[PDB]
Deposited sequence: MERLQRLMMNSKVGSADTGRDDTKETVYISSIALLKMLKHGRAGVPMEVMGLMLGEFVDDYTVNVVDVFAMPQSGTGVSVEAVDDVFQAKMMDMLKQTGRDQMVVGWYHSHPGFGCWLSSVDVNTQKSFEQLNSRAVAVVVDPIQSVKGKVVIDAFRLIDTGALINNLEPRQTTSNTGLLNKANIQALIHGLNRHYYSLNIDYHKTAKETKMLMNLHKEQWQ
């Protein structure tokens, strides 16, 4: 019944960060809105440095994004599983518990940037039961983004 909608730039940034961080698990924060009881809207993400979340970095990035028109709240976090699929480890569950204490609706997204190159994006979204369950993911694309991406694909591969 609940859906996590992921924006175009959110998906590409998570894949990009995950690919650049291979073979490490990299993580970042997801920005957006809990628009109603059934919808999480992930409009953007940002990477966190490799390292225990650096609160100084997070606060600074949030301050600067607000200055350029991105004032959305943290709705969860993402991290990469380079080559071994989407799921939550024990450490991941502990990290997600910390996020859920801050906002009960927080979502944990996991992306596999290695398996994704086989042709289909490998990604999932989780929340804890009180061990965990998968949320449906869908993608939000504006008419302008669709037209841009369609034209880029046609130009590149004709």
{"query": "Missing residue ranges, deposited sequence indexing starting at 1", "finding": "1-23, 75-81, 161-194"}
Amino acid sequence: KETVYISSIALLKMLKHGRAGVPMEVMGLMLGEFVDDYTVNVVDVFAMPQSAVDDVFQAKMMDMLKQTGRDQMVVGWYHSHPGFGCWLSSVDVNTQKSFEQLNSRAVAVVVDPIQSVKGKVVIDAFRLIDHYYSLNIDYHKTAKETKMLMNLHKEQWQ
From here on, numbers count along this sequence of modelled residues.
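We call the rigid core whatever largest set of C-alpha positions still superposes within 1.5 Å between the two forms.
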{"query": "Larger mean CA deviation from the shown form in 5 other deposited structures of this protein [core fit; 85-93 vs 116-124]", "finding": "116-124"}
{"query": "Selected stretch [higher average CA B-factor]: 149-157 or 4-12", "finding": "149-157"}
{"query": "Of 31-39 and 52-60, the one with larger mean CA B-factor", "finding": "52-60"}
{"query": "Most elevated Cα B-factor in the entry, residues 124, 44, 92, 130", "finding": "130"}
{"query": "Relative C-alpha B-factor of residue 21, binned into the chain's lowest, middle or highest third", "finding": "middle"}
